[PDB]
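**Student:**
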Amino acid sequence: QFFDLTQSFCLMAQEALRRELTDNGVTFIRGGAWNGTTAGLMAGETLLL
Amino acid sequence: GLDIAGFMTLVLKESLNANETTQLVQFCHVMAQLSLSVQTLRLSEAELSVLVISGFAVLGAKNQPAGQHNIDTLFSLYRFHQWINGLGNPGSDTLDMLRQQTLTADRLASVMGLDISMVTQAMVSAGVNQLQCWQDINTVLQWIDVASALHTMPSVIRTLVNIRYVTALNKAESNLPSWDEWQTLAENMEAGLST
Amino acid sequence: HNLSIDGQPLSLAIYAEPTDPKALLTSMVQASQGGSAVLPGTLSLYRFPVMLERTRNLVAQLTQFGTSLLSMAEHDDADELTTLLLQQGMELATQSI
Amino acid sequence: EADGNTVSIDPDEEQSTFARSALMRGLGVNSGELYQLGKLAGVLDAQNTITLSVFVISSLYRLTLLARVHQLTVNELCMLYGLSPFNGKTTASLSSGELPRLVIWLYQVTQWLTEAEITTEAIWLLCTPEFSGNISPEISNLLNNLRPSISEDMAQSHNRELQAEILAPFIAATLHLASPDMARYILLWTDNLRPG
Amino acid sequence: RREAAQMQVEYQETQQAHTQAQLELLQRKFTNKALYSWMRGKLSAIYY
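Residue numbers (PDB author numbering), protein chains in the order written: chain A, 2295 to 2343; chain B, 734 to 928; chain C, 2003 to 2099; chain D, 538 to 733; chain E, 2247 to 2294.
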């Protein structure tokens, strides 16, 4: 649940950045952090990147 | 008589049905029994995921799709696990070609490390034209198991079994070999004998 | 039967000891599965640096959660192994009895 | 057996000749590995036949001899020959010095693998220019991870060593490898190879 | 005494068998080598 919450917050942050820089193409959160093979472990590091 | 969504909805229900709680405790207990089965059989992530996603179509059972909760399913699953462990490393991606219908005879023999011709003979004797399901694969396994058990060809074990020893009815028919056919069968059968 | 005067055979056989079985080896068996899908992004009300710092502390909390989870997993696993070893010891002791 | 008529060693041949059975037992080999031995010998004929000449039985017995002397099976001999420099040649078309040269080659190789404790399928995989046959889950996870992780921006560059560096992590991980520098070095090696 | 030696032989069999089974259970335990391989890979890339 916590990872879902922070994924929501990260995407909110990305959209805020997109508005600030007025360029709607820049993407960094491209999925795959919740790696189901490893119980969705260690996504915090990907989000930190 | 339940699905998972309903499982959840009546679980959030504070048990508003008197006799439904009985089947819910039974439902929980059957998950307990299935988990006990997979644990004792020591099945791992990948093959169980393959079997579940395929819905046990890649297992096959008698008169019952996917898999029921009887001894037949347990036996077949244990056999498949033993085989999948004995596969080695490449056998894992063999499961891959099992997930789709690419499971072909020559690659099967190559990964087995045995002779292709043995598998051809088992295919023609077991009557199986393609390994749709683990029914076919398991039957070919048992045919080759018999052939290697006697240290001989699958064709001649097919033929020996083919001799309906009923001798002009009381069964299908008399498959009694002719005299020379008998001699040739014996010749070939005893060929793999020591000094 | 070409024996002695008392039935002792004149020819001795061989045992023909088998090849003995083989120990099965387990391989890493893996089924490839994808990660979670991207969700659409709606828009916030704070400006960029504030959200930067708040998400920063949340992600730090999440990462320490992950590492704590892993340490739990390790301790659990070794604990299981030691219980298994004790079981094997018990049965071996019975056989030695 | 010194009669010279044609006989089929086809394992799938129905009504196998008594002479085929005699060859079976004299060679101590089953039909499948006997047919493999015929293939390796290249003395095959149409529909897996062969004349019962003295020389063919001689050569078959010789190859069986080579198999039994070095404690290896028929298929293992076939594969080691396939990797041997004398691959692509039938044992029937062997020169007078080609035989002892071959036997010393294979003795030294078998001794090497005896002292090095490596089996026959290990070496056959370790050396073959043959591939698995399909797409693997490991390469599927490679696709699921490499594709998001990196892009074409530095994939059109000319500095191969940097690209090898940046690819090294995933290769070392998915390949179950010690260090990323091992991955980088083996990538440099395989660029020295250019397999596909 | 012979029968004694036989069952100590089967005892040694028991030892070997459950050692091998212990090996398998360690192989199939949750925190296996595949986990650590994935973890190494993702950490190394993000670290770089």
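In this text, a Cβ means the ideal position worked out from N, Cα and C, and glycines have one as well.
1) Is it buried or exposed for residue 708/D, if we count other Cβ within 10 angstroms and need 16 for buried?
2) For residue 776/B, tell me which candidate among 807/B, 750/B and 872/B has the shortest Cα-Cα distance.
3) Looking at chain H, is there any beta carbon in it that lies within less than 9 angstroms of the beta carbon of residue 2098/C?
4) Residue 926/B touches chain D at which residues, Cβ-Cβ below 8 angstroms?
5) Compare the C-beta of residue 2090/C against all C-beta atoms of chain D and say whether one is closer than 9 angstroms.
6) Would residue 2272/E pass as an interface residue toward chain B - the criterion being a Cβ-Cβ separation below 9 angstroms?
7) Check whether chain A comes within 9 angstroms of residue 2017/C, counting only Cβ atoms and requiring the distance to be less than that.
8) Report yes if the C-beta distance between residue 2297/A and residue 2338/A is below 9 angstroms; otherwise report no.
9) Report the neighbours of residue 2316/A on chain C: residues whose CB is nearer than 8 angstroms to its CB, in chain order.
10) Around the Cβ of residue 2257/E, are there at least 16 other Cβ atoms within 10 angstroms (buried) or fewer (exposed)?
11) Which residue comes first and which comes last in the beta strand (DSSP E) that contains residue 587/D?
12) For a quick check, are the C-beta atoms of residue 2383/A and residue 2056/C less than 9 angstroms apart?
13) Give a yes or no on whether the minimum CB-CB distance between residue 2319/A and chain C is below 9 angstroms.
14) Please classify residue 514/D as buried or exposed, where buried requires at least 16 neighbouring CB atoms within 10 angstroms.
15) Hey, how far is the Cα of residue 2330/A from the Cα of residue 2038/C?
16) Spatial neighbours of residue 718/D within its chain, please: CB distance less than 8 angstroms, with the 5 preceding and 5 following residues excluded, ordered by chain position.
17) Using a Cβ-Cβ cut-off of 7 angstroms (strictly less than) and excluding sequence neighbours within five positions of residue 858/B, which residues of its own chain qualify?
18) In the DSSP assignment, the alpha helix (DSSP H) including residue 611/D goes from what residue to what residue?
19) Against residue 2248/E, what residues of chain D qualify as contacts under a CB-to-CB distance less than 7 angstroms, listed in chain order?
20) Interface residues of chain B around residue 618/D at Cβ under 7 angstroms?
21) Can a CB atom of chain D be found closer than 9 angstroms to the CB of residue 896/B?
22) Which runs of the alpha helix (DSSP H) spanning at least 4 residues fall entirely within the segment 795 to 874 of chain B, listed in chain order?
23) On the three-pair Cβ rule with 8 angstroms, is the segment 862 to 882 of chain B touching the segment 786 to 802 of chain B?
24) Going along chain E in order, which residues have a C-beta closer than 8 angstroms to the C-beta of residue 777/B?
25) I want to verify the contact list: residues of chain A whose CB lies under 7 angstroms from the CB of residue 2253/E, in sequence order.
26) Give the residues of chain B in contact with residue 2026/C, contact being defined as C-beta atoms less than 9 angstroms apart.
27) Could you check which residue in 677/D, 681/D, 582/D and 602/D has the C-alpha nearest to that of residue 643/D?
28) Pick helix, strand or coil for residue 2341/A, following the three-state DSSP scheme.
29) For residue 544/D, report the span of its alpha helix (DSSP H) as first-last.
30) Among 649/D, 583/D, 653/D and 659/D, which residue has its Cα nearest to the Cα of residue 844/B?
31) In the DSSP assignment, what residue or residues form a beta bridge with residue 2037/C?
32) Kindly list the residues whose CB is nearer than 7 angstroms to the CB of residue 664/D, restricted to its own chain and excluding five residues on each side of it in sequence; keep chain order.
33) Which one or two residues does DSSP pair with residue 581/D in a beta bridge?
34) So, with DSSP's three-state summary, where would you put residue 792/B?
35) Mind the definition here: the segment 571 to 586 of chain D touches the segment 539 to 555 of chain D only if three or more C-beta pairs lie below 8 angstroms; say whether that holds.
36) Can you tell me where the alpha helix (DSSP H) with residue 732/D in it begins and where it stops?
**Tutor:** This is what the structure holds:
1) Position 171 of the fourth sequence, counting from 1, holds the residue named residue 708/D. Buried, by the Cβ-count rule.
2) Here the question's residue 776/B lines up with position 43 in the second sequence. Of the candidates 807/B, 750/B and 872/B, the residue whose Cα lies closest to the Cα of residue 776/B is 807/B.
3) Of the protein chains in this structure, namely A, B, C, D and E, none is chain H.
4) Along the second sequence, one-based indexing puts residue 926/B at 193. What residue 926/B touches in chain D: 562.
5) Numbered from its first residue, the third sequence carries residue 2090/C at position 88. Closer than 9 angstroms: no.
6) By one-based count along the fifth sequence, residue 2272/E stands at place 26. It does not; no Cβ of chain B falls within 9 angstroms.
7) Looking up residue 2017/C in the third sequence gives position 15. Not closer than 9 angstroms to any Cβ of chain A, the Cβ of residue 2017/C fails to qualify, so no.
8) Within the first sequence, residue 2297/A is the residue found at index 3, counting from 1. Within the first sequence, residue 2338/A is the residue found at index 44, counting from 1. Yes, these two residues count as a Cβ contact at 9 angstroms.
9) Residue 2316/A sits at position 22 when you count from the first residue of the first sequence. Here the premise fails: no neighbours, minimum Cβ distance about 13 angstroms.
10) Within the fifth sequence, numbered from 1, the residue matching residue 2257/E stands at position 11. Burial call: exposed.
11) The residue given as residue 587/D occupies position 50 in the fourth sequence. Looking at the DSSP string, the run of the beta strand (DSSP E) that includes residue 587/D is 586 to 588.
12) What is shown of chain A runs 2295 to 2343, which leaves residue 2383/A out entirely.
13) Residue 2319/A sits at position 25 when you count from the first residue of the first sequence. So, not an interface residue.
14) No answer is possible for residue 514/D: it lies beyond the span of chain D, which begins at 538 and ends at 733.
15) Taking the first sequence and counting its residues from 1, one reaches residue 2330/A at position 36. Taking the third sequence and counting its residues from 1, one reaches residue 2038/C at position 36. In a straight line, the C-alpha of residue 2330/A is about 8 angstroms away from that of residue 2038/C.
16) Looking up residue 718/D in the fourth sequence gives position 181. Hits under 8 angstroms: 705.
17) The residue given as residue 858/B occupies position 125 in the second sequence. Around residue 858/B: 876, 887, 888 and 891.
18) For the purposes of this step, residue 611/D is identified with residue 74 of the fourth sequence, where counting begins at 1. Looking at the DSSP string, the run of the alpha helix (DSSP H) that includes residue 611/D is 611 to 620.
19) Position 2 of the fifth sequence, counting from 1, holds the residue named residue 2248/E. Per Cβ cutoff of 7 angstroms: no residues; residue 2248/E is ~34 angstroms from chain D at best.
20) Taking the fourth sequence and counting its residues from 1, the one referred to as residue 618/D is at position 81. For residue 618/D, there are no C-beta contacts with chain B under 7 angstroms, since the nearest C-beta of that chain is about 17 angstroms from it.
21) In the second sequence, counting from the first residue as 1, residue 896/B sits at position 163. Answer no: the Cβ-Cβ gap between residue 896/B and chain D never drops below 9 angstroms.
22) 804 to 819, 824 to 832, 838 to 845 and 849 to 858, all fully within the segment 795 to 874 of chain B.
23) yes
24) In the second sequence, counting from the first residue as 1, residue 777/B sits at position 44. Residues of chain E passing the Cβ test: 2274.
25) The sequence position of residue 2253/E within the fifth sequence is 7, counting from 1. The contacting residues do not exist; residue 2253/E stays about 46 angstroms from chain A at best.
26) The residue given as residue 2026/C occupies position 24 in the third sequence. What residue 2026/C touches in chain B: 815, 818 and 819.
27) For the purposes of this step, residue 643/D is identified with residue 106 of the fourth sequence, where counting begins at 1. The shortest C-alpha separation from residue 643/D is found at 602/D.
28) Residue numbering aside, residue 2341/A sits at position 47 when the first sequence is read from its first letter. Three-state result, residue 2341/A: helix.
29) Locating residue 544/D in the fourth sequence gives position 7, where the first residue counts as 1. First-last for residue 544/D: 543 to 545, but that is the beta strand (DSSP E), not the alpha helix (DSSP H).
30) What you label residue 844/B is simply residue 111 of the second sequence in a count that begins at 1. Nearest C-alpha to residue 844/B: 659/D.
31) One-based indexing of the third sequence puts residue 2037/C at position 35. Secondary-structure assignment with DSSP links residue 2037/C through a beta bridge to 2329/A.
32) Numbered from its first residue, the fourth sequence carries residue 664/D at position 127. Hits under 7 angstroms: 620.
33) As a working mapping, residue 581/D is identified with position 44 in the fourth sequence. Per DSSP, none; premise fails for residue 581/D.
34) What you label residue 792/B is simply residue 59 of the second sequence in a count that begins at 1. Here residue 792/B sits in coil by DSSP.
35) yes
36) Here residue 732/D refers to the residue found at position 195 of the fourth sequence. Neither: residue 732/D is in no alpha helix (DSSP H) and is coded neither H nor E.
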